[PDB]
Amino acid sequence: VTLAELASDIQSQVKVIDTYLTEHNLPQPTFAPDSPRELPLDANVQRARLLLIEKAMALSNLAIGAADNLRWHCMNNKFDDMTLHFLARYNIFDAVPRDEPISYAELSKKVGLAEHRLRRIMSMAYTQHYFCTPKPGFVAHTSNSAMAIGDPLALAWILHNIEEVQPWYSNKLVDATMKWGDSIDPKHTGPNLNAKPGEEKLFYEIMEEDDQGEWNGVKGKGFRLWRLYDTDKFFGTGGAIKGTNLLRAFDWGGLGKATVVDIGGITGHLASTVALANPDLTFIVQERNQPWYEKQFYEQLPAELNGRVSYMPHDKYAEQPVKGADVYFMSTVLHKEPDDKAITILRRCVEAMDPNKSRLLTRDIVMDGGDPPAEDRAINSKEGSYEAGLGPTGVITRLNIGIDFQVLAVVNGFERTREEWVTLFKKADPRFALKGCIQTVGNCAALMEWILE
């Protein structure tokens, strides 16, 4: 592929998006804070967006060239993360007004970072389109930075990765691999490289036990786990894996008056998203209890739900106490479970299921891709062997791998192909059949519907 071919590909994809926008009289994405945060969910628009991203990234890579790529990457990449670190820890997103500029001097005063160093940090942020400088000596927001204003969930994501995942786990993965090999034991992770036998610590033990700190309403014990729950919420409130995409991936309204048991449902935020849009559904959120859990669960719970979403403490490996529910639902649970543990959970579900009335729904990455929702005969040419966003340089592929590495790093988890999912479920119970595997375009996760035939 050449620079000219990439450019031409880019032109075609932009034309599809630009046409849609203008046809529907929709505002154009820009770097201004008032810009739309995403493009339309129309499947053709999203396919063009995903291809556009991939091509643009290839074009920048090709123009940098082989001599400079490795050289520049190991120089700069780490500093984009560091810049974020500063931005979060000094609360700079909130300190810059959303719609007015602020001088470096007054920004400095507000956040307590000396003006010289502040200037340096901001300068790196600008090159990734986080903030901009509209006039000498002044800072203003961009669309990318403005979305973090007033959002602790965004800061949670920044900090969890930079202060936990990367120094404790991903920086150490090579060493962990050389020590324990290709293991699926969650104890064979970075923090235990020099631990004595029996003194190993699990990621989720560290999260729920550490008491030296505070986060967003939770002080002391488990503040890191609470921040982790905020990260989970961050991926449900916007973007690629947002909760409202669940509504297009399964006919929740067709269940009528029904109960959904949400196994490993975190703080029930995803359950609430489905229940708010589907007034006839009742949700039982099953999760491991914590000293602050019930307090935060009911503070978050929308009163509009009128109690249709409730919390039931539960061990996902134990007998399932709700029998014959319409739906047993697990969102991004099983990709942290090796086959034997996944089978245990699945068999607990099977025992409680009525085979002629219960479904088991899972939301997880399907590494080779799910099917588009029904609502969505190709007209303009498809590329290569893969759907848009997938393939070895696809941007959804990239997201899939990033999540694969995220669970590999903290618990030695892994993502699975569709074939691997069907094989695992059939090992849990031979009656299991995959009825639907729906991946909305732009999403990395599929909603899989399983029944026992």
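Just count from 1 along the sequence shown to find any residue number.
Coordinates are given for every deposited residue between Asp371 and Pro372; the gap count there is zero. Here the stretch with the larger average CA B-factor, out of 332 to 340 and 82 to 90, is 332 to 340. Two stretches are in play, 172 to 180 and 151 to 159, and the higher mean C-alpha B-factor belongs to 172 to 180. Of the candidates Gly190, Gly239, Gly222, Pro302, the deposited coordinates give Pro302 the top C-alpha B factor. The PDB entry gives the largest Cα B-factor of the residues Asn61, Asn400, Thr30, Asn44 to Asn44. Split the chain's modelled residues into thirds by C-alpha temperature factor. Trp421 is in the middle one. For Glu209, the recorded CA B-factor ranks within the middle third of the chain. Only modelled residues enter the ranking. Ranked by C-alpha B-factor against the other modelled residues of its chain, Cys437 falls in the highest third.
For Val274, the recorded CA B-factor ranks within the middle third of the chain. Only modelled residues enter the ranking. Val16: CA B factor in the highest third of modelled residues in this chain (values from the PDB entry).
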